[PDB]
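The primary structure of each chain is shown beneath.
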Amino acid sequence: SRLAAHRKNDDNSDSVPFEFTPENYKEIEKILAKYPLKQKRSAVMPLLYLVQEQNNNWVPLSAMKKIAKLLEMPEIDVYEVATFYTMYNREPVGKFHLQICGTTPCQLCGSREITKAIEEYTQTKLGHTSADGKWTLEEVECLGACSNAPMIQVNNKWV
Amino acid sequence: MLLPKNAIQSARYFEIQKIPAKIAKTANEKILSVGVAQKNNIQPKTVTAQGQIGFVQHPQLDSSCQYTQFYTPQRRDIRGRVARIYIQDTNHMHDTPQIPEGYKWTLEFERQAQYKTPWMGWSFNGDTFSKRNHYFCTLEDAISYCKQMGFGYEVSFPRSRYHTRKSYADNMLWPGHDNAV
Amino acid sequence: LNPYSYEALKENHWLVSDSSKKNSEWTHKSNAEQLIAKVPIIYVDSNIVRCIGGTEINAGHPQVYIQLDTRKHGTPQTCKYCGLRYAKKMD
Amino acid sequence: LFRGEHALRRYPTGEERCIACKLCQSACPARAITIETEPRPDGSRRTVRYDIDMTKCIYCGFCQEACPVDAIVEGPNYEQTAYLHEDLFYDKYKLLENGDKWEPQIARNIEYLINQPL
Amino acid sequence: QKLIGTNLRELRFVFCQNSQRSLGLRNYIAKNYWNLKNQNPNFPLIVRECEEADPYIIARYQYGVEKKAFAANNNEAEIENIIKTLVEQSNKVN
Amino acid sequence: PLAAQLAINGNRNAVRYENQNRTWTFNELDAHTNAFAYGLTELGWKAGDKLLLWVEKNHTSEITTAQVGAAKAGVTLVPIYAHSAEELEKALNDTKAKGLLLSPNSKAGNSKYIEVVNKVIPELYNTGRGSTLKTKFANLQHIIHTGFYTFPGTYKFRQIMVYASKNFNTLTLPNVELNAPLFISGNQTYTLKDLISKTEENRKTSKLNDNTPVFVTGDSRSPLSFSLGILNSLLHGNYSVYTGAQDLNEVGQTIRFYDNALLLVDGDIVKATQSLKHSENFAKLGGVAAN
Amino acid sequence: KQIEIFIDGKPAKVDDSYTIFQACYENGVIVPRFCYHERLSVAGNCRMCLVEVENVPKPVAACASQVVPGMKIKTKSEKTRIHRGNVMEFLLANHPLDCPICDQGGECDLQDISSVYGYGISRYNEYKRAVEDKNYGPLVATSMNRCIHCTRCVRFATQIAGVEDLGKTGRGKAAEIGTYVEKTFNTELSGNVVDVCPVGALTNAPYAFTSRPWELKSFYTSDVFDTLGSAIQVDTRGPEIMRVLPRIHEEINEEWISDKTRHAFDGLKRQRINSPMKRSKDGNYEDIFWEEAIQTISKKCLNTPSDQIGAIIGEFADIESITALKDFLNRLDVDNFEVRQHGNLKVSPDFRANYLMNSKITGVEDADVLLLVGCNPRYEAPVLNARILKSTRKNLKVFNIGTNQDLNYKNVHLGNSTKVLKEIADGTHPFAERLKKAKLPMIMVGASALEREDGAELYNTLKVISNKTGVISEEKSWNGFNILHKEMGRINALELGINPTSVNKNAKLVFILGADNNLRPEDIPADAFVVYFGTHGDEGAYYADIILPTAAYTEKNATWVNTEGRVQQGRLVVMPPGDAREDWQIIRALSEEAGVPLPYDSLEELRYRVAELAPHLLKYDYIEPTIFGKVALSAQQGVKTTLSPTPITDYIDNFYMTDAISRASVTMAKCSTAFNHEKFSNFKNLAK
Amino acid sequence: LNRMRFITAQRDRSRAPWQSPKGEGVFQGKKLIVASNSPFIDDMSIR
Ligand code: SF4
Ligand code: SF4
Ligand code: SF4
Ligand code: SF4
Ligand code: FES
Ligand code: FES
Ligand SMILES: [Zn+2]
């Protein structure tokens with residue numbers, strides 16, 4: 001979620017393989033059934049979520065091309081969707097992707113203190129990933145539960 | 001660049017619109033007399049901004065070309081030359097020029113020898129007459145100038161975009177029923 | 001390293017390269033390419049570098065900005081007005 | 001502000017300050033500047049031929065005024081008497097040599113000129 | 001009609017497609033082009049249509065020699081007679 | 001026999017071509033192979049007709065498509081390893097092949113394949129456009145080259161290919177017969193049933209499970225390579241990756257991503273490669289097999 | 001429905017379908033724009049066309065807003081001025097200071113609009129946006145810092161062409177328009193991307209750093225690299241030519257030109273013959289005078305009996321040159337205008353309908369079904385391919401018999417052999433019923449198919465199929481039979497009436513009028529004497545005992561007839577290089593020296609002779625209708641109609657190398673080496 | 001004294017004369033065989 005283009009990485013090359021599991025294929029079939037038969041182009045986001053779940057919480061370029069081929073839509077459309085939506089990690093992340101809310105309510109509640117405490121505990125800076133592939137800090141916008149701030153989210157799943 | 005229809009109905013205006021039909025004078029023309037007759041019969045009878053068929057008119061070295069000033073002892077090639085009359089539109093590179101074009105008829109002359117001199121590589125033109133194009137408000141004025149100066153003229157009529165219906169709603173269109181075949 | 005090879009053309013933006021930099025002495029009547037090639041890559045911590053070609057405004061070229069956050073880490077970028085090449089100090 | 005002999009300057013690194021924008025050519029009232037440019041092998045936008053006809057040029061200074069990078073500068077040299085007409089067809093070689101020779105005084109004047117607005 | 005190939009080198013019909021002055025030659029060609037082509041397989045029989053064009057039958061015999069016949073307001077019989085005369089005059093021409 | 005994977009799951013990836021960087025799903029592979037078969041049928045290929053294979057390692061996709069199309073159409077394929085015009089002519093005379101698919105840019109000795117073919121059959125140079133071949137062999141009706149340029153008396157692979165229409169296809173594909181010969185390697189002929197049996201035996205010997213991806217290095221024209229590659233993918237739904245002429249270094253670079261992947265290694269590639277720059281890439285090879 | 005509106009208090013009437021911008025343009029008031037394009041979709045991103053409406057508080061986007069009855073538009077109001085200034089300030093914010101180095105300095109609509117409407121001074125004093133450059137190939141140079149995110153390039157790529165690579169990737173000020181992955185934009189219409197891009201973000205790489213707009217003189221002419229014909233503008237700074245562009249001609253050009261016609265003019269800059277030459281037996285070429293060359297040629301002609309004299313028609317032969325050559329050969333008694341026996345076009349030049357596209361270039365927009373036979377519109381006439389893409393996206397179905405090329409639009413591949421044609425002719429094929437059901441069907445056949453050895457049989461089969469299926473219908477008043485040619489010289493020869501089938505098997509004196517394609521040593525007898533009228537020495541100049549320089553299409557004032565039968569006038573931009581003379585003048589001088597003077601001494605007299613031969617060629621930029629189409633295309637009884645069992649192929653292998661000029665060009669060589677490997681594929685792109 | 005180089009370069013910028021064969025050359029029928037002088041490599045033919 002840093003660059004608006006493909007980062008030149010040896011571990012994210014076109015040669016990297018990716019194949020959906022049969023459970024993922026069944027889920028894709030269910031999603032297509034939910035969506036209109038002709039409008040298969042609307043299933044990009046569920047497919048990206050399934051790819052993230054299958055992989056280590058990131059969407060490989062090969063996986064994106066596979067999604068485009070399955071949906072019979074240009075790969076450029078999938079690229080645009082992934083780049084536009086920030087919840088899709090286009091590069092590998094750590095075991096714990098901490099997402100600290102930094103909007104005005106959390107800032108008033110003391111989000112900066114929580115961020116400093118997290119940095120001190122994890123021995124890493126905001127945004128930067130820890131040396132070991134264990135922690136990845138990020139600053140995000142309003143996650144919704146402002147009345148309960150300060151707040152964080154892990155793996156885009158647990159608040 | 002377009003006066004109201006039949007706004008001018010003068011004899012001079014009608015003569016300017018009309019083009020003369022050639023008379024075979026040279027030996028080659030007499031030999032090709034049938035070709036001259038065919039060309040006279042086929043070429044458009046009158047020239048108007050609403051025309052659509054291009055044509056080439058031979059120079060009329062007649063008493064009408066008495067107003068030319070480019071027939072001098074030193075230079076005797078300017079008169080009788082063939083020009084091109086067309087509307088120069090804005091380049092495709094840009095759509096809103098600071099100085100828009102296409103509002104006037106351009107008269108152009110084919111350029112003669114153009115050579116780069118050895119001492120400095122600077123460009124030189126064998127003739128200085130065809131360096132700058134001429135501009136006229138109306139094709140009638142351009143043709144009148146050509147007749148007065150004794151220059152022959154090819155005329156190429158302009159082409160413009162065909163008007164098409166434009167609406168932002170066309171971006172969103174319902175493809176149809178899925179079962180449709 | 002054939003200058004006309006496809007790889008060389010792609011790397012040099014589809015222009016025939018001159019490794020010796022001597023042909024420019026005649027083509028453009030100057031050794032400025034050779035002179036500028038001596039300057040090494042300037043490493044800048046920030047992702048975006050501002051260049052004015054001098055110490056003060058109006059003493060160089062118009063103020064320009066160059067992105068050092070290349071899609072491939074560490075790739076130098078050359079200023080268009082001057083041949084100075086800047087790269088991010090990856091750490 | 002004296003306008004003497006046209007010359008071409010360089011950056012302190014030695015790179016040419018002239019980029020082939022042809023603003024000076026367009027502004028030259030006497031059409032005394034001829035510029036032809038081709039991309040350099042390194043990819044720089046540099047001219048391949050930059051000629052000034054000193055006999056056809058009026059020492060107005062529009063070239064230096066229109067130069068956006070202070071590449072062409074009318075330096076203070078005025079003792080440029082020539083015996084052959086061909087010697088007054090200044091070329092890129094001549095302009096670069098003049099700029100190299102007269103850079104100190106030209107730079108000194110440019111310092112004050114730039115500081116005046118401040 | 002069978003000797004056109006040997007007698008002539010080319011036949012051409014230049015006329016108008018919407019003029020009564022050409023109507024006769026137009027109809028004759030439209031009716032007899034295939035007949036003449038079958039009679040002479042490889043002979044060149046060119047047809048040219050131009051609005052407000054004077055009808056003309058151009059017979060090229062040999063050595064860059066051509067004869068042009070004005071066929072305006074001529075019935076199909078007159079066109080046949082003119083073509084026959086052009087074909088027969090090949091011996092006199094060469 | 002060749003549509004079980006399509007019936008089960010056609011969206012799954014079928015084969016990968018690392019050398020030319022193109023991956024085909026089961027549906028795409030079936031479509032291309034059917035197009036090739038329809039093209040041959042339209043040209044007039046019948047059951048038992050002989051097609052000679054003279055395509056180098058790099059054209060892995062062409063080799064695989066030709067093999068599968070020939071299997072579908074009941075056309076026997078004879079690989080030929082000839083570096084000389086004498087050997088090429090001897091093979092042509094012995095086999096009486098109806099077609100000859102080759103790689104023009106490949107170099108044999110001091111001459112290219114196209115040059116050798118022209119030398120063997122000078123009639124191709126002056127052959128008319130759209131004219132049938134009148135050659136000494138009297139049976140080599142079709143000559144096909146996998147090259148960018150075109151030559152007289154030869155047709156390109158894409159030109160030969162014919163993609164059948166859904167409602168405008170008058171061509172017919174004869175039912176694939178298992179006993180019909182498919183490959184003629186040396187003096188031994190392999191049928192489709194024999195190739196399937198070889199696939200099963202190799203899988204059992206190498207513990208090749210369904211989810212284990214297979215890699216093939218070198219020429220794919222070998223019967224063992226065909227068995228353990230595209231045929232294995234079409235039978236058991238496995239995932240095959242062809243590296244073509246890529247050396248061990250690039251093969252390992254590709255292998256890194258794949259886990260517990262079987263590898264088929266060619267002796268020519270082994271001789272060509274000097275040593276493994278990064279042995280860590282093969283730390284999880286799972287199993288290794290040799291042709 | 002006509003509706004009355006007011007523009008600056010000026011009454012006007014427009015139909016409801018009009019938008020505010022369209023009404024303003026019709027009434028003559030200009031409105032600035034950056035993203036709106038006439039031929040592209042409607043987008044409201046830039047919002048520079050904002051105007052003031054009395055009853056609308058918010059500014060109204062003129063480009064994407066329809067007129068309303070009683071609307072009071074104030075385009076000269078202070079509020080409109082403020083809106084334009086604000087939008088211009090926002091656009092210029094973050095815009096790099098690259099005007100001196102930007103190749104669009106003189107043709108920058110952004111600069112023009114900022115000078116005319118926007119403010120004169122900026123307030124943004126902060127770090128600007130910086131974007132990495134991208135590599136789109138040797139045809140487009142990219143400077144993304146100058147991009148304004150107007151998406152015009154993306155819309156052109158997705159709509160005008162079938163390539164889908166460009167897109168707006170990212171969100172916010174960090175959004176970047178372009179390919180997410182690093183790949184080249186290698187579409188055949190990549191040149192028009194620069195034209196559509198208004199802020200010099202994408203520029204003409206070959207033309208980069210060359211010149212400026214204000215020092216260029218423009219001439220309108222017609223393209224020759226493609227038999228389709230295109231209305232182009234040639235810009236020159238003295239002798240040098242540069243920046244060939246399209247010009248609006250909707251009937252044939254539709255504002256777009258192909259990369260070949262856009263970047264093949266560089267071939268004229270090198271490998272040019274500039275003096276008459278003679279080759280010795282040892283093979284040492286030596287320059288000679290025109291007088292000596294013409295005298296020796298005339299002596300050879302006089303010595304040689306007319307029986308063993310033949311000619312070859314070149315690719316770029318024009319009406320005047322072909323007429324002069326025909327008259328000279330007729331006066332010498334020579335009637336065979338072909339020497340090559342390997343491949344000859346099998347079509348009779350009697351009727352124009354039987355060797356010209358009966359339906360015009362716009363006939364695809366009207367036909368419901370289009371069947372191609374050995375035709376690759378993407379490689380030949382790419383503009384026609386884009387028109388076919390538009391037609392098939394609106395209403396049209398495309399069928400193909402031959403090679404399955406990567407067309408930008410979906411097509412139904414019936415086959416590649418003559419079996420499909422035989423079945424269709426017999427009527428058993430379902431496509432016969434399909435054509436009968438369809439209204440206004442069209443058949444497009446490439447010239448290679450008719451040039452096949454069985455070209456006559458294939459042509460007769462096409463005639464009978466068309467007659468049976470109604471492609472030539474009197475009730476519909478439709479003639480969908482078409483032939484796509486590959487040689488403008490061949491088209492001109494057919495127009496003048498030269499028979500392509502007349503071939504001299506054994507010729508002692510060969511006149512090659514600038515022919516460089518299909519030449520082989522076997523065609524020329526070892527003992528023959530060859531006179532080659534040409535402009536490039538890549539080919540044909542090595543078979544020539546005498547070589548005579550000639551003029552090119554940019555250097556010759558002549559007439560050209562395109563594939564659809566439209567006759568245009570190619571104008572003189574620069575004089576022929578060196579000692580080159582016009583080919584018709586050379587032929588006239590040769591005739592006079594040989595003793596058979598021609599009856600024309602100038603262009604006017606030569607065009608009178610052209611009128612004698614075929615008067616319709618004197619109506620420039622016009623297609624003369626023919627009423628003998630049915631008679632010409634009628635199927636005869638007893639014809640062979642026997643096809644061969646071989647694939648139908650396409651002659652084009654490398655789109656960037658098809659003629660001598662393209663082969664001699666450097667930009668074309670760069671495009672070839674950069675695109676051939678990426679575009680070559682033995683398989684079909686199943687995605688489209 | 002080196003004016004020839006400059007003049008030739010200026011002439012070639014707009015029109016470069018074709019370098020015709022000189023001296024004895026190989027002949028194939030009525031055709032002189034000469035190797036192509038194009039610096040660019042024919043990648044498709046080579047591979
Ligand atoms: S002083 Fe004036 S006329 Fe002379 S070169 Fe400079 S701008 Fe041109
Ligand atoms: S001297 Fe200055 S104005 Fe003239 S081209 Fe060079 S940089 Fe541009
Ligand atoms: S596009 Fe930008 S840099 Fe180029 S001329 Fe226009 S404003 Fe200047
Ligand atoms: S590259 Fe050009 S055309 Fe494309 S969005 Fe940017 S400014 Fe518009
Ligand atoms: S303020 Fe933290 S989730 Fe909204
Ligand atoms: S032109 Fe109207 S918003 Fe761009
Ligand atoms: Zn700089």
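Residues numbered from 1 in each chain as written, not as in the entry; some residues may be left out. Chains lettered and ligands numbered in written order. Part of a larger assembly, values for the part shown. Heavy atoms only, no water.

Next up on the list: the interface of chain G and chain B. A common way to report how large an interface is uses the accessible area buried once the components associate. Across the contact, 68 residues belong to chain G and 57 residues belong to chain B. A combined buried area of about 5,600 Å² lies between chain G and chain B, and 52% of that area is made up of carbon and sulfur atoms. When residues of chain G are sorted by the area they lose upon contact with chain B, G:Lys217, G:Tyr220 and G:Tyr608 head the list and together hold 12% of the total. Here chain G is connected to chain B by eight salt bridges. One salt bridge in this structure joins B:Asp95 and G:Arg152, with 3.2 Å as the shortest N-O distance. (Contact = heavy atoms within 4.5 Å. Buried area = accessible area lost by both parts, 1.4 Å probe. Salt bridge = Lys/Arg side-chain N within 4 Å of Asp/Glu carboxyl O.)

This brings us to the interface of chain A and chain F. In this complex, chain A contributes 13 residues to the contact, which on the side of chain F involves 14 residues. In total, chain A and chain F occlude about 1,000 Å² of area from one another, counting both sides; carbon and sulfur atoms represent 44% of this. Counting across the chain A and chain F interface gives one salt bridge. A salt bridge links A:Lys69 to F:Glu28; the nearest nitrogen and oxygen atoms lie 4.0 Å apart. In this structure, the connection of chain A to chain F is made through six residue pairs in polar contact. The element best represented in the side of chain A that touches chain F is helix α3 (residues 61-71) of chain A, accounting for three residues. Here the residues of the side of chain A that touches chain F are counted per class, giving five nonpolar, two polar and six charged. (Polar contact = N/O pair within 3.5 Å; in protein donor to acceptor, adjacent residues only side chain to side chain. Helix = DSSP H or I, 4+ residues; strand = E, 2+ residues; numbered from the N terminus. Nonpolar A, V, L, I, M, F, W, Y, C, P; charged D, E, K, R; others polar.)

On to the coordination of the zinc ion (ligand 7). All names here are of chain C. All of the protein donors around the zinc ion (ligand 7) are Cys51 (SG), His61 (NE2), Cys79 (SG) and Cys82 (SG); their distances to the metal are 2.1 to 2.3 Å. One can describe the site at the zinc ion (ligand 7) as irregular: its four donor atoms subtend angles covering 84 to 119 degrees at the metal. Sequence spacing of the donors to the zinc ion (ligand 7): C-x9-H-x17-C-x2-C. Of this pair, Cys51 sits in strand β2 (residues 48-51) while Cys79 sits in the loop between β4 (77-78) and β5 (85-88), placing them 28 residues apart in sequence. Judged by relative accessible area, which is 4%, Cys79 ranks as buried. (Donors = N, O, S within 2.8 Å, 3.2 Å for Na, K, Ca; no water. Tetrahedral: all angles 85-135°; square planar, octahedral: opposite > 155°, others 65-115°. Buried < 20%, exposed > 50% of the residue type's maximum accessible area, 1.4 Å probe, protein only.)

Another point: the site of ligand 2. Every residue near ligand 2 is listed here: D:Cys18, D:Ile19, D:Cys21, D:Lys22, D:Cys24, D:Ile35, D:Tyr50, D:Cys67, D:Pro68, D:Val69, D:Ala71 and D:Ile72. Within the shell around ligand 2, the residues separate by chemical class into 11 nonpolar, no polar and one charged. (Near = heavy atom within 4 Å.)

Residues and elements named next belong to chain G. Look at helix α8 (residues 319-331) against helix α16 (residues 603-613): their axes get within 10 Å of each other, and the N-to-C directions meet at 75 degrees. Overall, the two elements α8 and α16 adopt an arrangement that is roughly perpendicular. Of α16, the residues touching α8 (which contributes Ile319, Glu320, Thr323, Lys326 and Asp327) are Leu603, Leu606, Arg607, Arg609, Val610 and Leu613. (Axes fitted to C-alpha atoms, helices over the stretch in contact; angles between N-to-C directions. Parallel < 35°, antiparallel > 145°, perpendicular 65-115°, else oblique.)

Moving on to the UniProt feature "binding site: [2Fe-2S] cluster 1" (unreviewed entry) in chain A. Residue and element names in this part refer to chain A. Per the UniProt entry, the sites bearing "binding site: [2Fe-2S] cluster 1" (unreviewed entry) are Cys101, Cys106, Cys142, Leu143, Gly144, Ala145 and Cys146 in this numbering. Taken along the chain, the residues just named run across 46 residues; in space they keep tight, none of their C-alpha pairs more than 10.6 Å apart. Position of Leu143 among the secondary structure elements: in the loop between β2 (135-140) and β3 (152-154). Those residues in contact with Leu143 that sit more than four places away from it in its chain are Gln99, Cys101, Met151, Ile152 and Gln153. When you line up the elements, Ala145 lands in the loop between β2 and β3. On the basis of relative accessible area, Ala145 is assigned to the partly exposed category, the value being 29%. (UniProt positions renumbered as here; feature names shortened; annotations may be inferred.)

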